[PDB]
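Just one chain follows, in the form deposited in one PDB entry, and it is written as structure tokens.
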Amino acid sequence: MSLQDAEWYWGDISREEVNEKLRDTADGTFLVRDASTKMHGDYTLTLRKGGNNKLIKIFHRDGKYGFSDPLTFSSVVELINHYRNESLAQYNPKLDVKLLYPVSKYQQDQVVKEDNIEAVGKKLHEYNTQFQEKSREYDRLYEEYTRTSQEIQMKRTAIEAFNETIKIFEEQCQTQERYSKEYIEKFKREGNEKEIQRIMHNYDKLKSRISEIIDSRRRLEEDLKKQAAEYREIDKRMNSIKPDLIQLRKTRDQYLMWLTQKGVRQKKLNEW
């Protein structure tokens, strides 16, 4: 009945840290701290229910324990174990959960081999070096990701502008043919080939230019399609690096356990 040894008592922990622990956990996962007030003999229990982290205060009086005005239990371990067995429905009918799963302070020490203090004097330094390198690559990817993203919308609006210019030159062709047709036909029977060739010379120069901007559009749609492709590649690369980066952070961070197994920063001083 040692509250100090109990699986679920982490103690000197912040609201932010317990939120980082019950994130997306199943209903019934629970955890206990001493109150954020840091007042001695005052505690708080958090448990997962309905996608939320619902906090309840454990009152303390005359050595007894509990979390309501009628107070009963001798120790917090008796209070917790009671609600591990049967439901909190006894306290709130809208709180049908039991204290099903704890999360404990030293059930996840993933150091395997002989505990030479090189576990922190070497392996921790390696993992941290492996983390800051992969974190520097992900920051670089996000930079050219945002750069590429912004160059793309510049190109999308530019081909969309080419679409309007070509739409205008194409209706210039259809109006040239609409209004020139019967002047061409009138000139044909007057025998005035000179005037017909002025009209043709101008029409040819119109569709000559429209070819130049049509070619300029596809030459830009080519750059776009090829830049849009490497944009999708930068994205899937980030999505591959993100889970690894998270795996390595939690690995590095939990290898600070063995700095706590000395208990003082004299060890990471070597890495300073």
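For the two forms, the rigid core is made up of the largest set of C-alpha atoms that agree within 1.5 Å on superposition. Each residue number is its position in the shown sequence, starting from 1.
Keep in mind that the form deposited in another entry is not shown, yet the notes after this line are about it.
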Practice item. Fix the rigid core, compare C-alpha positions between the shown form and the other one, and report which of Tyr127, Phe73, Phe162, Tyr145 shifts by 2 Å or more. Key: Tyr127
Review point. Relative to the superposed rigid core, does the CA atom of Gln107 travel 2 Å or more between the shown form and the other one?
Key: yes
Practice item. Kindly check if the Cα atom of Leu259 is displaced 2 angstroms or more between the shown form and the other one relative to the superposed rigid core. Key: yes
Practice item. With both forms fitted on the core, give yes or no for whether the Cα of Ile246 moves by 2 angstroms or more between the shown form and the other one. Key: yes
